[PDB]
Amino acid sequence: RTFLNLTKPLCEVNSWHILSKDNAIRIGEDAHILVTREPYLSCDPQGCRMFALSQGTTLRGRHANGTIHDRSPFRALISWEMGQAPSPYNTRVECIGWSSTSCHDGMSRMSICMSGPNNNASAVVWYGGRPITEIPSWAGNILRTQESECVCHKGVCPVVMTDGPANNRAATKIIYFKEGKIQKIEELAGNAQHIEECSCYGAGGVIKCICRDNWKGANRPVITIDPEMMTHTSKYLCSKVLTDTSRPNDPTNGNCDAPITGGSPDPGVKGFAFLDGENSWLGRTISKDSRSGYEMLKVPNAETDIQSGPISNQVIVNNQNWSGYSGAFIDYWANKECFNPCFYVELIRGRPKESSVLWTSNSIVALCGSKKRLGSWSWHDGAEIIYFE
């Protein structure tokens, strides 16, 4: 075992293959499955695992009532074997709280959870299954983090955190960890105006985090991190192809250095992109308004070119079905000469879009890149809401 070094380039991606799907809500209609949200995946030398924030109740349990709520003392980050659904029986509690990230450095797994009241939240940083560091709120307003995996290089795992308003300028920091100890803290710099819920990946010595501007932009901010120097820059995705939700129609040109505003009725969703010159892919909901559908668009030079448009697309979830959050991960320990992009889509069921039930939960689908031109279909959740009425 050795520390992961981000030595390899991204693999070429022409289409996406199915990696995993847990069918959590179909199964959970009858079996004992935990209510969750904010899922992701993360890998290590042995394979990949699913992660999510439990609501500390099962789906069919009476306590599922009220699980639209984001923050409670009953939430925790749980992990489990990829492809299984998350039950009380097969889930590892990583940390306690209602906002998380996790990553493996090649040696051990770091997991971070925030908990506490809005004005006095704190992070606990775990490494190798033991708590190492605690970080108090610096701005007194929902200290929070990625809700997908962090990335490590030579033992240094940067993590993007935000504390402050959802709907105004906030205080974002990049905290560089090693073995769960703080090596450096940086205040966000550059042109991104608001940062939440960063989806990060590493390639060729560089970490890129594609985030959520909940204040203004329907274009996604991008943080570019040098994990050796422990420095960063920020701006927006250049491309006119807008990938937040809600968003206005894609304009004639994007903006690399400022938010493109508009869209109704919601100010943002967690998402991701892989950015590698011609080899660039943007995910987004198919609906511009609602967390409905999910598509992958190949947008050459999305990172640098304001005129860049899609050259190919793959529907991941049809627009007659609910999506949710999406995020990046990579199996950095695959037996490949390149790092192959993967992503997941959270498939949210229940409130608020389906209000015939009292709960809010999700299932997971994940896909990874192929160089081939693979056929596709819709990987929607596949539960019948009427069965839960």
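Sequential numbering from 1, following the sequence displayed.
Mean CA temperature factor is higher for 218-226 when stretches 218-226 and 94-102 are set side by side in the entry. Averaged over CA atoms, B-factors in the entry run higher in 352-360 than in the other of 352-360 and 339-347. Per the PDB entry, 320 shows the highest C-alpha temperature factor of the residues 55, 320, 326, 42. Between the residues 86, 265, 73, 83, the entry's highest C-alpha temperature factor is the one at 265. When all modelled residues of the chain are sorted by CA temperature factor, residue 158 is found within the middle third.
Per the PDB record, residue ranking by Cα B-factor puts residue 205 in the highest third of the chain. Residue 36 sits in the lowest third of its chain by CA B factor, as recorded in the PDB entry.
Among the modelled residues of its chain, residue 61 has a C-alpha B-factor that falls in the middle third according to the deposited record. Looking at the C-alpha B-factors along this chain, the one for residue 144 belongs to the lowest third.
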